[PDB]
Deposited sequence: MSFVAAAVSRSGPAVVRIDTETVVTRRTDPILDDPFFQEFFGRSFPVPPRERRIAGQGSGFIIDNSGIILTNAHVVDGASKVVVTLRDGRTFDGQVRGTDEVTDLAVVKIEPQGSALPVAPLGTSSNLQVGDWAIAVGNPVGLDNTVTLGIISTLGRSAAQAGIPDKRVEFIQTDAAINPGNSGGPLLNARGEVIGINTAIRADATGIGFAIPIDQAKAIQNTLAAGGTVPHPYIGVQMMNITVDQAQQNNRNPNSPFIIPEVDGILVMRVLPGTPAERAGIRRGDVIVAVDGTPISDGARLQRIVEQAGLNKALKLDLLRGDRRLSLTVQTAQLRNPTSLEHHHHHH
């Protein structure tokens, strides 16, 4: 079977972490896994061959859910999993999820790339606590993702983990700018439609947009005076009605980057500047 080759290629580099899995990224002893495998730790690593090194967690991104562990190479060469690239993934490509749940073998499951979010990988390969943090391979045996348990599983794209590799190897805080608002895409035909239901919470000022559904406690949005039911219309002068889209321009703005917000509170015209803080 073609999967046997793939597994023979990256499988020896898939380790147990202590629960969860991980894979060795290079001969130095740089190991990738899920942040939720590293209950904050500061761990223990078992290779497929039985060797037990003592790893320490040199970085963690809770929001991307991936961590970097470090072990010290001694004796035999640390086996290494080849990194592929997730940019050229095609829906329908073979996907192989490898774990090391006990620390002496690989549990291997097979499926395809079910959907592509670049953003997130779904696959119908059985993804479970036994292979979480472990790698997801293509048919050639190069890792294109990191399994993440929560019939369709998820995996963090590999190119995503490449980006924050050094940062988590060194000082582990990745820039995740945010303002703290739960928004929802509103349509006029949902708005004035809402406005005709006598028991709707608030009347939406017609229009299309991002209806602020909730202001989260202790967030820049709260501190800027933003209220539930507000309708943000123009950031600085860019018309928006997509929640996905606003989740971006905040990121393209730095941390501690003051952003003005044009919004209307029922009838009133409101402009406030929020300062992007770090998601934590």
{"property": "Unmodelled ranges, which are counted on the deposited sequence from position 1 and given in order", "result": "1, 20-56, 81, 157-168, 202-206, 337-348"}
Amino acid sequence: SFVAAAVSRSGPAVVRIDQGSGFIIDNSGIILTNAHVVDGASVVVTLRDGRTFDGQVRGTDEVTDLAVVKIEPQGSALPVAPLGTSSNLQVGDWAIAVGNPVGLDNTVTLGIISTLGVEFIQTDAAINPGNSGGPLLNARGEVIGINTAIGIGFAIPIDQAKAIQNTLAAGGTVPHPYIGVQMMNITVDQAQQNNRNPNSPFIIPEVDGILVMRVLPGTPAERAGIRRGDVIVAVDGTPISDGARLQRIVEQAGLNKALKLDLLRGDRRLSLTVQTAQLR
From here on, numbers count along this sequence of modelled residues.
| item | value |
| --- | --- |
| Residue stretch of maximal mean CA temperature factor, 9-17 vs 258-266 | 258-266 |
| Mean Cα B-factor comparison, 139-147 or 186-194, giving the higher one as deposited | 186-194 |
| Residue, from 60, 42, 33, 27, that the PDB entry assigns the highest Cα B-factor | 42 |
| Per the PDB entry, maximal CA B factor within 158, 113, 179, 104 | 104 |
| Assigned third (lowest, middle, highest) for the C-alpha B factor of residue 228 | lowest |
| Cα B factor band for residue 171 (lowest, middle or highest third within the chain) | highest |
| Residue 207, C-alpha B-factor rank within chain (lowest, middle or highest third) | highest |
| Residue 37 - which third its CA temperature factor falls in, relative to the rest of the chain | middle |
| Residue 91 - Cα temperature factor, lowest/middle/highest third of chain | middle |
